[PDB]
Amino acid sequence: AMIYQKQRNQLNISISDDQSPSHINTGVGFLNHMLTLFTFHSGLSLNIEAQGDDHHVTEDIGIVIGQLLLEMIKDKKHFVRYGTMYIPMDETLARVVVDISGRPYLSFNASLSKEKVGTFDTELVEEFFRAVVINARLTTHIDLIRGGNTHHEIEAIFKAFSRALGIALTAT
Amino acid sequence: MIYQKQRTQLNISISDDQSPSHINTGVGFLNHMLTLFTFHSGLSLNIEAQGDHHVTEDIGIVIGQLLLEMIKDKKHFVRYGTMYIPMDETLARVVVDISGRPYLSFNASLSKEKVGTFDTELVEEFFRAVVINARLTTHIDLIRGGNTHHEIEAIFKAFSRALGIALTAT
Amino acid sequence: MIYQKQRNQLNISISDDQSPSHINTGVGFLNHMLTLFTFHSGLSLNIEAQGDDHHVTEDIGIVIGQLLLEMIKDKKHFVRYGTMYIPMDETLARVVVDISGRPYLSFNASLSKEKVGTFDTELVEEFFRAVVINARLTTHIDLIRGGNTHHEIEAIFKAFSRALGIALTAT
Amino acid sequence: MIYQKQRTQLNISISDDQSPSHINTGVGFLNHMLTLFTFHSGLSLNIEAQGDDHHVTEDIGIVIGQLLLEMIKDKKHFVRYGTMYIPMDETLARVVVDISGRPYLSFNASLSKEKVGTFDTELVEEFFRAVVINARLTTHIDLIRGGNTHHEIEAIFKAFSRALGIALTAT
Amino acid sequence: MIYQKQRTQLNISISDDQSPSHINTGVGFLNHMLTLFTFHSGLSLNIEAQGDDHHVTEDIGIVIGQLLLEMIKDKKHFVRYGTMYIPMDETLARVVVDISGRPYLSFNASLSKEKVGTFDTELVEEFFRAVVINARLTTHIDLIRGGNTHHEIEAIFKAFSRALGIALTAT
Amino acid sequence: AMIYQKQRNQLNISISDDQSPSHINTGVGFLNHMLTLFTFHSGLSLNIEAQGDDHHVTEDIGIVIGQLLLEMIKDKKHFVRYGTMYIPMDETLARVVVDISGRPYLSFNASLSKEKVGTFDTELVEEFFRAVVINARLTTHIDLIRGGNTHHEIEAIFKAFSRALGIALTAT
Ligand SMILES: [Mg+2]
Ligand SMILES: [Mg+2]
Ligand SMILES: [Mg+2]
Ligand SMILES: [Mg+2]
Ligand SMILES: [Mg+2]
Ligand SMILES: [Mg+2]
Ligand SMILES: [Mg+2]
Ligand SMILES: [Mg+2]
Ligand SMILES: [Mg+2]
Ligand SMILES: [Mg+2]
Ligand SMILES: [Mg+2]
Ligand SMILES: [Mg+2]
Ligand SMILES: [Mg+2]
Ligand SMILES: [Mg+2]
Ligand SMILES: [Mg+2]
């Protein structure tokens with residue numbers, strides 16, 4: 001296995017395409033749950049240690065994950081490249097399309113139903129995906145086909161992106 | 001008869017006696033609402049959670065499953081219940097049919113995104129979890145609203161009373 | 001007490017006991033709806049028709065209406081007012097009946113399809129007017145929400161049947 | 001492994017193997033759609049009904065759903081998620097299936113005609129809710145474009161069946 | 001197997017192996033698009049055109065279609081259904097193909113500009129119509145979002161090619 | 001005379017450009033009447049024996065007729081090629097334009113007034129014409145200029161198509 005690792009200053013993050021346990025400590029509860037979902041659905045192991053508001057943390061974590069993904073992508077030579085996933089979450093349906101293209105581009109098309117989920121600013125979801133996709137040099141389209149519950153909306157998007165990414169990273 | 005199960009840690013029992021209810025979900029607003037449910041349904045609830053959306057949904061799923069155990073044991077019951085509840089400006093109607101056809105029609109646009117720290121979008125999630133897992137057909141209608149706490153309380157009181165009516169032995 | 005008559009071939013009896021019902025209208029869908037009526041109203045119905053769906057549905061409703069009226073006239077103290085809401089998956093119906101002696105139907109239900117099987121759905125309002133007017137009831141039928149026509153009609157039959165049985169209850 | 005039950009008289013079995021399918025629902029159109037289901041899901045279905053279309057259609061859906069749940073409960077690792085697009089000339093349908101344990105159907109398809117032959121087109125949604133809710137699946141059915149009602153329903157049945165088949169694939 | 005024919009002079013062959021492709025249509029933009037087709041479908045194309053863009057584009061599409069039909073007729077068991085989403089910066093396209101034997105194209109893409117370079121953009125639909133009808137496929141082409149015309153028609157070519165390659169996969 | 005014949009399995013169909021009696025047994029009453037009209041107005045003799053819902057039957061009959069027409073067209077070398085017919089049916093007026101072009105294409109522009117005529121699903125009319133036109137490799141435009149009665153609408157369309165086809169098949 002390859003492990004890609006980065007310290008940015010206060011974050012310490014590693015990612016790996018093996019099946020080791022993930023340890024996610026962002027200091028943001030909702031972000032913890034979402035990145036735990038990312039690890040399971042992408043097949044990638046994340047270890048995050050953050051020290052220190054939610055905006056800087058979420059964005060800086062997204063930037064580092066994107067940068068480490070690019071390192072991972074650079075070292076792979078032959079992969080599926082294209083991944084599409086539909087995920088339903090009760091009333092919600094999301095579609096995410098990723099192309100490991102080297103052309104950094106995000107089309108984010110999801111009007112989330114509430115301004116917060118618990119204490120988490122829902123506007124941070126697009127900021128996270130922008131940071132990851134652009135720094136990983138992916139072309140990604142995120143579409144909320146229908147929604148209703150904001151937790152479901154965000155979760156479907158995280159599940160679909162992770163799975164689509166996983167599919168695209170599959171060795172050829 | 002006591003129906004119970006476990007499902008973080010969640011321990012819940014429900015019973016149609018008048019034993020005291022102990023409700024500790026870890027969510028203040030949900031405690032108050034489920035306290036209302038016990039009173040208006042006549043069902044005793046005991047809930048122990050140690051560990052908001054996952055908690056709320058988990059509790060609703062377990063309540064619904066336990067309700068189905070209870071219903072399966074009952075032979076002869078009223079089956080149909082309707083209740084209107086006013087809360088100042090608010091008026092809600094809930095209609096329940098213990099039909100064995102799991103179906104929720106939830107028609108209530110709540111006035112605010114939160115009450116205290118509680119996400120109001122959780123109300124629909126709780127009711128869907130209960131109704132579907134209890135195999136009820138339930139229509140919840142907010143005829144008029146205004147104050148979000150009143151809207152939610154009216155819906156809880158109406159559902160609970162309508163359920164209590166439908167569960168009544170014949 | 002049994003109330004009965006013929007309308008000529010049509011022969012129908014109604015009773016407020018728990019005796020069995022035999023319903024042979026020659027219209028399958030109507031058979032199923034009248035079976036719902038007997039169960040939810042608490043009344044026993046026996047119908048023998050012999051010998052188009054319009055005439056048969058309407059004739060049955062008129063005779064049922066007239067027989068209900070006989071039964072009402074014999075009763076002294078009854079509840080008089082009945083309301084029932086019935087949900088049927090997507091559908092919610094409300095029916096309000098008043099045994100007032102003032103024959104009046106307010107029928108507010110746009111049914112989703114022109115037929116269920118071979119049965120013309122326009123016959124549902126025709127059945128209810130025949131019953132309500134001839135029994136001298138005041139009734140309001142409201143489809144609060146709908147979607148499936150079989151569900152819409154069944155909800156209405158159930159709600160009306162139960163609201164009538166409530167209203168007919170001895171006092 | 002074979003999954004089996006009876007409920008009118010209804011007798012149904014399902015199996016994730018290649019045994020032959022005998023489908024006799026009493027409803028010609030539903031016979032055809034269930035034949036598509038077997039071929040496209042890879043699940044063998046045997047159905048014998050003896051004993052309106054509404055009750056038959058819904059009762060079959062409920063049992064198929066209950067038997068799918070038996071099958072799912074035995075399976076350990078499976079793909080879980082399935083999506084299928086099926087074109088039928090002018091029609092395009094998409095069906096997304098999640099074997100989630102959370103019973104939920106989003107049915108988004110405005111069918112072009114009230115009937116295909118003698119079959120009430122509103123029965124299609126009733127069938128899918130019966131299966132999906134009782135199998136504890138989350139499914140979204142979407143008619144992306146349509147035109148001809150037989151094509152619309154056929155595309156939906158093919159897409160759902162294929163998506164279920166994908167989701168059930170052992171890991 | 002190599003499928004070839006000639007139809008100004010046009011000579012084309014197509015093969016389901018990894019032989020290099022030589023594409024000389026006399027239309028620069030079409031050369032690039034067909035090179036994308038070769039790579040994404042896995043099919044080797046060889047084209048010699050000797051001798052307006054309309055006639056060449058349409059004739060090439062017809063011959064490719066007819067040769068694909070020859071290939072399909074030779075194959076026994078194949079996947080049959082393929083769907084591909086392809087993003088191209090701002091653009092997202094979806095193509096659904098079904099090797100059905102029912103020739104049908106649903107082309108749903110309003111392209112942003114009348115020309116890319118000297119190439120008439122209205123020729124893209126004409127190309128796909130020629131291919132899809134003559135290969136006897138049912139395909140739906142959908143531009144979900146666009147912006148840049150080069151990106152729009154590259155996304156469409158990529159998605160069709162992949163969807164076809166998937167559908168052509170032996171089972 | 002040439003006779004073109006096909007068995008597809010349960011249909012047995014022959015078509016001929018002579019003037020022999022037609023025997024049409026599709027198992028669909030309304031389709032029987034329409035194909036009887038086709039035979040008279042096109043000048044082509046049809047013999048159909050079908051064994052066995054209406055959708056599959058109508059479509060399969062349309063497909064075979066289209067395929068046999070193509071065989072017939074292939075063997076003719078010199079014909080008028082272009083045919084246009086207007087047919088009035090009381091309130092209804094239809095126009096059908098056919099080009100024996102070899103480019104399979106149907107433009108069907110007729111909103112029929114009712115969902116059924118007797119027991120026949122009126123949506124089958126377009127399915128029939130699509131099957132015939134595409135498999136015969138005709139370019140055909142069908143236009144209901146005005147309508148009112150669905151039986152008249154379908155009949156005018158069948159009459160006009162048959163006549164236009166007949167005209168186009170005329171030897172040159
Ligand atoms: Mg960019
Ligand atoms: Mg949830
Ligand atoms: Mg979650
Ligand atoms: Mg309160
Ligand atoms: Mg009348
Ligand atoms: Mg039903
Ligand atoms: Mg019924
Ligand atoms: Mg049809
Ligand atoms: Mg067809
Ligand atoms: Mg079919
Ligand atoms: Mg052209
Ligand atoms: Mg480019
Ligand atoms: Mg390019
Ligand atoms: Mg065409
Ligand atoms: Mg005529």
# chains A, B, ... in the order shown; residues from 1 in each chain; ligands from 1

call {"tool": "residues_near_ligand", "arguments": {"ligand": "ligand 12", "cutoff": "9 Å", "atoms": "only C-alpha atoms and all ligand atoms", "output": "list in words"}}
result
residues 88, 89, 150, 151, 154 and 155 of chain E

call {"tool": "write_last_selection", "arguments": {"atoms": "N, CA and C atoms", "output": "tab-separated table (two decimals), in the first residue's frame"}}
result
chain	number	residue	atom	x	y	z
E	88	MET	N	-17.53	17.36	-19.26
E	88	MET	CA	-16.46	18.06	-19.96
E	88	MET	C	-16.46	19.51	-19.49
E	89	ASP	N	-15.67	19.78	-18.45
E	89	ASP	CA	-15.76	21.03	-17.69
E	89	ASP	C	-17.23	21.31	-17.38
E	150	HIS	N	-17.63	22.77	-28.29
E	150	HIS	CA	-16.62	21.73	-28.48
E	150	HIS	C	-16.80	20.70	-27.36
E	151	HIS	N	-16.93	21.18	-26.13
E	151	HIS	CA	-17.14	20.30	-24.97
E	151	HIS	C	-18.42	19.53	-25.05
E	154	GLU	N	-17.97	16.74	-27.84
E	154	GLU	CA	-17.00	15.76	-27.35
E	154	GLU	C	-17.60	14.90	-26.25
E	155	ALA	N	-18.30	15.51	-25.30
E	155	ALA	CA	-18.96	14.74	-24.22
E	155	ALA	C	-19.94	13.73	-24.79

call {"tool": "residues_around", "arguments": {"residues": "range 139-143 of chain D", "least_positions_apart": "4", "cutoff": "8 Å", "atoms": "only C-alpha atoms", "output": "ChimeraX atom specification"}}
result
/A:88,93 /D:91-98,104-110,132,152,156,160

call {"tool": "residues_near_ligand", "arguments": {"ligand": "ligand 5", "cutoff": "12 Å", "atoms": "only C-alpha atoms and all ligand atoms", "output": "list in words"}}
result
residues 52, 53, 54, 55, 56, 57, 58, 59, 60, 61, 62, 122, 123, 124, 125, 126, 127, 128, 129 and 130 of chain C

call {"tool": "residues_around", "arguments": {"residues": "range 112-118 of chain A", "least_positions_apart": "3", "cutoff": "9 Å", "atoms": "only C-alpha atoms", "output": "list in words"}}
result
residues 30, 121, 122, 123, 144, 147, 148, 149, 150, 151, 153 and 154 of chain A; 52, 53, 113, 117, 118, 119 and 121 of chain B

call {"tool": "closest_atom_pairs", "arguments": {"of": "chain F", "to": "ligand 10", "cutoff": "9 Å", "atoms": "only C-alpha atoms and all ligand atoms", "output": "JSON lines"}}
result
{"residue": "F:53", "atom": "CA", "partner": "ligand 10", "partner_atom_place_in_ligand_line": "1 (Mg)", "distance": 8.0}
{"residue": "F:55", "atom": "CA", "partner": "ligand 10", "partner_atom_place_in_ligand_line": "1 (Mg)", "distance": 7.2}
{"residue": "F:56", "atom": "CA", "partner": "ligand 10", "partner_atom_place_in_ligand_line": "1 (Mg)", "distance": 6.5}

call {"tool": "residues_near_ligand", "arguments": {"ligand": "ligand 2", "cutoff": "10 Å", "atoms": "only C-alpha atoms and all ligand atoms", "output": "MDAnalysis selection string"}}
result
(chainID A and resid 89:91 149:153 155) or (chainID B and resid 53:58 122 124:126 128:129) or (chainID D and resid 102)

call {"tool": "write_last_selection", "arguments": {"atoms": "N, CA and C atoms", "output": "mmCIF file, in the first residue's frame"}}
result
data_model
loop_
_atom_site.group_PDB
_atom_site.id
_atom_site.type_symbol
_atom_site.label_atom_id
_atom_site.label_comp_id
_atom_site.auth_asym_id
_atom_site.auth_seq_id
_atom_site.Cartn_x
_atom_site.Cartn_y
_atom_site.Cartn_z
ATOM 1 N N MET A 89 -31.663 8.630 -0.389
ATOM 2 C CA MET A 89 -31.723 8.692 1.062
ATOM 3 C C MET A 89 -33.136 9.110 1.414
ATOM 4 N N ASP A 90 -34.000 8.127 1.650
ATOM 5 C CA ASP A 90 -35.435 8.343 1.740
ATOM 6 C C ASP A 90 -35.899 9.252 0.588
ATOM 7 N N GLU A 91 -36.388 10.455 0.907
ATOM 8 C CA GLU A 91 -36.932 11.389 -0.093
ATOM 9 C C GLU A 91 -35.885 11.922 -1.077
ATOM 10 N N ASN A 149 -34.974 16.551 3.275
ATOM 11 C CA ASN A 149 -34.279 16.562 4.579
ATOM 12 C C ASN A 149 -32.801 16.860 4.343
ATOM 13 N N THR A 150 -32.282 17.881 5.024
ATOM 14 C CA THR A 150 -30.948 18.403 4.772
ATOM 15 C C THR A 150 -29.858 17.394 5.153
ATOM 16 N N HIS A 151 -30.054 16.668 6.256
ATOM 17 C CA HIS A 151 -29.100 15.632 6.659
ATOM 18 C C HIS A 151 -29.003 14.574 5.546
ATOM 19 N N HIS A 152 -30.155 14.143 5.035
ATOM 20 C CA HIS A 152 -30.230 13.182 3.951
ATOM 21 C C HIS A 152 -29.579 13.718 2.682
ATOM 22 N N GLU A 153 -29.788 15.012 2.422
ATOM 23 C CA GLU A 153 -29.274 15.642 1.216
ATOM 24 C C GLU A 153 -27.748 15.602 1.211
ATOM 25 N N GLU A 155 -25.797 13.756 3.161
ATOM 26 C CA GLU A 155 -25.343 12.369 3.233
ATOM 27 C C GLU A 155 -25.373 11.675 1.876
ATOM 28 N N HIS B 53 -30.199 13.633 14.561
ATOM 29 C CA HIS B 53 -30.958 12.935 13.525
ATOM 30 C C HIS B 53 -30.938 11.430 13.742
ATOM 31 N N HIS B 54 -29.759 10.890 14.043
ATOM 32 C CA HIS B 54 -29.641 9.452 14.250
ATOM 33 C C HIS B 54 -30.381 9.018 15.510
ATOM 34 N N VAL B 55 -30.192 9.748 16.607
ATOM 35 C CA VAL B 55 -30.910 9.487 17.856
ATOM 36 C C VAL B 55 -32.426 9.527 17.606
ATOM 37 N N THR B 56 -32.898 10.612 16.993
ATOM 38 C CA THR B 56 -34.327 10.798 16.760
ATOM 39 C C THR B 56 -34.903 9.694 15.902
ATOM 40 N N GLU B 57 -34.224 9.371 14.811
ATOM 41 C CA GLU B 57 -34.702 8.324 13.932
ATOM 42 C C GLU B 57 -34.661 6.936 14.607
ATOM 43 N N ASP B 58 -33.589 6.672 15.361
ATOM 44 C CA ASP B 58 -33.412 5.373 16.037
ATOM 45 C C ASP B 58 -34.531 5.121 17.025
ATOM 46 N N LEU B 122 -36.500 17.245 11.808
ATOM 47 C CA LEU B 122 -36.496 15.945 12.520
ATOM 48 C C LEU B 122 -37.890 15.440 12.860
ATOM 49 N N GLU B 124 -40.713 15.336 11.006
ATOM 50 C CA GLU B 124 -41.158 14.412 9.950
ATOM 51 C C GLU B 124 -40.393 13.070 9.980
ATOM 52 N N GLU B 125 -39.095 13.141 10.241
ATOM 53 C CA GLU B 125 -38.262 11.933 10.276
ATOM 54 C C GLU B 125 -38.702 10.998 11.391
ATOM 55 N N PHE B 126 -39.023 11.573 12.552
ATOM 56 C CA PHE B 126 -39.489 10.788 13.697
ATOM 57 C C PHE B 126 -40.794 10.096 13.347
ATOM 58 N N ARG B 128 -42.165 9.482 10.358
ATOM 59 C CA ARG B 128 -42.019 8.441 9.342
ATOM 60 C C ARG B 128 -41.462 7.150 9.948
ATOM 61 N N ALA B 129 -40.466 7.270 10.820
ATOM 62 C CA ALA B 129 -39.853 6.081 11.421
ATOM 63 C C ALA B 129 -40.897 5.293 12.237
ATOM 64 N N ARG D 102 -34.749 0.594 4.941
ATOM 65 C CA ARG D 102 -35.663 1.725 5.152
ATOM 66 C C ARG D 102 -36.721 1.757 4.042
#
